[PDB]
Structure formats: structure tokens, C-alpha cells
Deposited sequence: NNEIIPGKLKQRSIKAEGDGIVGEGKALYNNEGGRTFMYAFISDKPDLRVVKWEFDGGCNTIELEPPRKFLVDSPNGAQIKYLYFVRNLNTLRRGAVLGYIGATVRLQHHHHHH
């Protein structure tokens, strides 16, 4: 549950937008957990190894910047196990 974040950019059929990729490597080898962006409607992140990484429909949430609360969008990678889903949320609402 000790987790790392990266700026990467993403694609919607639309559409493109920057964001926050939270991910983890093991041992050893690397795999991304969730994506957090300013904008809805994204479908994919491009990730050795170039990877096609597909997101779930985002789950929206409020967050507090000193320029008004902005709304952020949270995209889990497909078929993430509930456990790591949890881990995400855990970390998320933990950045305060």
C-alpha cells in the first residue's frame, strides 16, 4: 500500500488530457493502478513495453484547491482487484 504517482497524458475517442497516474512496480516489473484527471470521457492511457491501458468509466469527486473546489475524475484501470481499488481510495482521501 506504499504507492507512487506520475504525470502522464491520456486519450479519449474525443479528446486528450494530462493527469495523475497512480501505479506500482513488483518486483521488479511495473503496473498502473488508477488515473486521475480534470476531464471526463477518457478511454485509454499509453504506457520496456508500450502498453494500451484502458480505464473504467471515471468516478467523480470533489477536491479543494484555494481557487474554489474543482471536481476531479477517477479512473480505475479495468479489472483491478477490489483490494487494490481499496488501496487507491485509501491513498486518495489520504492526500490532505
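Note: segments 1-6, 54-56, 106-114 of the deposited sequence have no C-alpha coordinates in the structure.
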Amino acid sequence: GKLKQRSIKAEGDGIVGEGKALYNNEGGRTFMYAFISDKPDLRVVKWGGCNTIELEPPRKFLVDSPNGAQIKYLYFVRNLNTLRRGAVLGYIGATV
From here on, numbers count along this sequence of modelled residues.
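Between 81-89 and 10-18, the higher mean Cα B-factor belongs to 10-18. Here 25-33 and 53-61 are compared by their mean Cα B-factor, and 25-33 comes out higher.
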